[PDB]
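Source file: data-v5.pdb. Holds: PDB, C-alpha atoms.
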```pdb
ATOM      1  CA  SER A  63     176.715  73.545  41.419  1.00  0.00           C
ATOM      2  CA  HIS A  64     175.442  72.593  44.875  1.00  0.00           C
ATOM      3  CA  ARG A  65     172.866  74.661  46.761  1.00  0.00           C
ATOM      4  CA  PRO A  66     171.515  75.317  50.290  1.00  0.00           C
ATOM      5  CA  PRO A  67     168.223  73.996  51.742  1.00  0.00           C
ATOM      6  CA  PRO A  68     165.089  75.862  50.528  1.00  0.00           C
ATOM      7  CA  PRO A  69     162.975  77.866  53.024  1.00  0.00           C
ATOM      8  CA  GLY A  70     159.885  76.529  54.737  1.00  0.00           C
ATOM      9  CA  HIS A  71     161.052  72.940  55.238  1.00  0.00           C
ATOM     10  CA  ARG A  72     159.806  71.008  58.265  1.00  0.00           C
ATOM     11  CA  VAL A  73     161.785  69.040  60.849  1.00  0.00           C
TER
ATOM     12  CA  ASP B   1     166.365  87.255  35.125  1.00  0.00           C
ATOM     13  CA  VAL B   2     163.026  86.170  36.584  1.00  0.00           C
ATOM     14  CA  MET B   3     162.431  85.042  40.167  1.00  0.00           C
ATOM     15  CA  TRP B   4     159.605  82.697  41.154  1.00  0.00           C
ATOM     16  CA  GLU B   5     157.921  82.438  44.553  1.00  0.00           C
ATOM     17  CA  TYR B   6     156.852  79.083  45.997  1.00  0.00           C
ATOM     18  CA  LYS B   7     154.379  78.016  48.680  1.00  0.00           C
ATOM     19  CA  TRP B   8     154.263  74.520  50.171  1.00  0.00           C
ATOM     20  CA  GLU B   9     150.522  74.793  50.800  1.00  0.00           C
ATOM     21  CA  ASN B  10     147.709  76.517  48.904  1.00  0.00           C
ATOM     22  CA  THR B  11     146.418  78.765  51.684  1.00  0.00           C
ATOM     23  CA  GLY B  12     146.491  82.517  52.176  1.00  0.00           C
ATOM     24  CA  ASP B  13     148.393  82.039  55.433  1.00  0.00           C
ATOM     25  CA  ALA B  14     150.895  79.379  54.324  1.00  0.00           C
ATOM     26  CA  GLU B  15     154.583  80.301  54.179  1.00  0.00           C
ATOM     27  CA  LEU B  16     155.543  82.547  51.273  1.00  0.00           C
ATOM     28  CA  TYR B  17     158.987  81.859  49.818  1.00  0.00           C
ATOM     29  CA  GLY B  18     160.695  81.483  46.459  1.00  0.00           C
ATOM     30  CA  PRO B  19     162.309  84.962  46.129  1.00  0.00           C
ATOM     31  CA  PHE B  20     165.158  83.306  44.219  1.00  0.00           C
ATOM     32  CA  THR B  21     166.037  83.450  40.526  1.00  0.00           C
ATOM     33  CA  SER B  22     164.316  81.039  38.134  1.00  0.00           C
ATOM     34  CA  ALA B  23     167.739  79.405  38.037  1.00  0.00           C
ATOM     35  CA  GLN B  24     167.735  78.651  41.762  1.00  0.00           C
ATOM     36  CA  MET B  25     164.096  77.593  41.584  1.00  0.00           C
ATOM     37  CA  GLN B  26     164.730  75.231  38.674  1.00  0.00           C
ATOM     38  CA  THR B  27     167.452  73.554  40.733  1.00  0.00           C
ATOM     39  CA  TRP B  28     165.256  72.862  43.761  1.00  0.00           C
ATOM     40  CA  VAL B  29     162.215  72.142  41.593  1.00  0.00           C
ATOM     41  CA  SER B  30     164.283  69.887  39.330  1.00  0.00           C
ATOM     42  CA  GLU B  31     166.566  68.484  42.039  1.00  0.00           C
ATOM     43  CA  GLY B  32     163.507  66.753  43.462  1.00  0.00           C
ATOM     44  CA  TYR B  33     163.059  68.852  46.603  1.00  0.00           C
ATOM     45  CA  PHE B  34     159.402  69.230  45.626  1.00  0.00           C
ATOM     46  CA  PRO B  35     158.186  65.655  44.925  1.00  0.00           C
ATOM     47  CA  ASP B  36     154.606  66.940  45.030  1.00  0.00           C
ATOM     48  CA  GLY B  37     155.192  70.416  43.617  1.00  0.00           C
ATOM     49  CA  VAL B  38     154.793  73.848  45.168  1.00  0.00           C
ATOM     50  CA  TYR B  39     152.657  76.942  44.663  1.00  0.00           C
ATOM     51  CA  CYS B  40     154.937  78.675  42.163  1.00  0.00           C
ATOM     52  CA  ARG B  41     154.289  82.251  41.075  1.00  0.00           C
ATOM     53  CA  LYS B  42     156.327  85.203  39.823  1.00  0.00           C
ATOM     54  CA  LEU B  43     157.219  87.589  42.644  1.00  0.00           C
ATOM     55  CA  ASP B  44     156.105  90.652  40.679  1.00  0.00           C
ATOM     56  CA  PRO B  45     153.345  91.453  40.881  1.00  0.00           C
ATOM     57  CA  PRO B  46     152.825  90.361  44.525  1.00  0.00           C
ATOM     58  CA  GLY B  47     149.724  88.218  44.943  1.00  0.00           C
ATOM     59  CA  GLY B  48     148.223  86.490  41.933  1.00  0.00           C
ATOM     60  CA  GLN B  49     146.695  83.330  40.495  1.00  0.00           C
ATOM     61  CA  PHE B  50     149.485  81.101  41.827  1.00  0.00           C
ATOM     62  CA  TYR B  51     150.377  77.926  39.925  1.00  0.00           C
ATOM     63  CA  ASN B  52     151.934  74.599  40.905  1.00  0.00           C
ATOM     64  CA  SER B  53     155.632  74.383  40.027  1.00  0.00           C
ATOM     65  CA  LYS B  54     154.788  71.156  38.199  1.00  0.00           C
ATOM     66  CA  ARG B  55     152.444  73.200  35.991  1.00  0.00           C
ATOM     67  CA  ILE B  56     155.024  75.846  35.058  1.00  0.00           C
ATOM     68  CA  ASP B  57     157.690  75.747  32.348  1.00  0.00           C
ATOM     69  CA  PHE B  58     160.824  77.532  33.562  1.00  0.00           C
ATOM     70  CA  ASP B  59     162.460  76.400  30.318  1.00  0.00           C
ATOM     71  CA  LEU B  60     160.355  79.031  28.550  1.00  0.00           C
ATOM     72  CA  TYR B  61     161.865  81.838  30.620  1.00  0.00           C
ATOM     73  CA  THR B  62     165.543  81.134  31.294  1.00  0.00           C
TER
END
```

Rewritten as structure tokens:
Amino acid sequence: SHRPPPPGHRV
Amino acid sequence: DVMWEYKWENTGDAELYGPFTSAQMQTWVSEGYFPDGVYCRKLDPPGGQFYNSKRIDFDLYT
């Protein structure tokens, strides 16, 4: 069901 | 299955991601991760007339 954070992002 | 790439920006240098299955893409794209949409495009072939995820219909593939 759940899923990990997608690439790219920005923090 | 059918994977779909995704690019945050619309440049030729921007980050190139989205090598996941349409299923995984639909989740992120539907989950709300992309409130503005991303440069979605089928991995194969590599390099084409990209299209905003908000302009694609994954429902007509899965």

Take the PyMOL selection byres ((chain B and resi 38-55) around 9), run it mentally on this structure, and tell me the resulting residues as a list in words. residues 2, 3, 4, 5, 6, 7, 8, 9, 10, 18, 19, 29, 34, 35, 36, 37, 56, 57 and 58 of chain B

Go through chain B residue by residue and, counting only C-alpha atoms, keep those with an atom at most 9 Å from chain A; for each kept residue give the shortest atom pair and its distance in Å to one decimal, ordered by chain and increasing number, as CSV.
```
residue,atom,partner,partner_atom,distance
B:7,CA,A:70,CA,8.3
B:8,CA,A:70,CA,7.5
B:15,CA,A:70,CA,6.5
B:16,CA,A:70,CA,8.2
B:17,CA,A:69,CA,6.5
B:18,CA,A:69,CA,7.8
B:24,CA,A:65,CA,8.2
B:27,CA,A:65,CA,8.2
B:28,CA,A:68,CA,7.4
B:33,CA,A:68,CA,8.3
```

If the PyMOL selection byres ((chain B and resi 1) around 9) is run on the structure shown, which residues does it catch, given as a PyMOL selection string? chain B and resi 2-3+21-23+61-62

Using all atoms of chain A that appear in the file, construct an axis-aligned enclosing box with 6 Å of padding on every side and provide its centre coordinates and edge lengths in Å, rounded to one decimal, as lines of an AutoDock Vina configuration file.
```
center_x = 168.3
center_y = 73.5
center_z = 51.1
size_x = 28.9
size_y = 20.8
size_z = 31.4
```
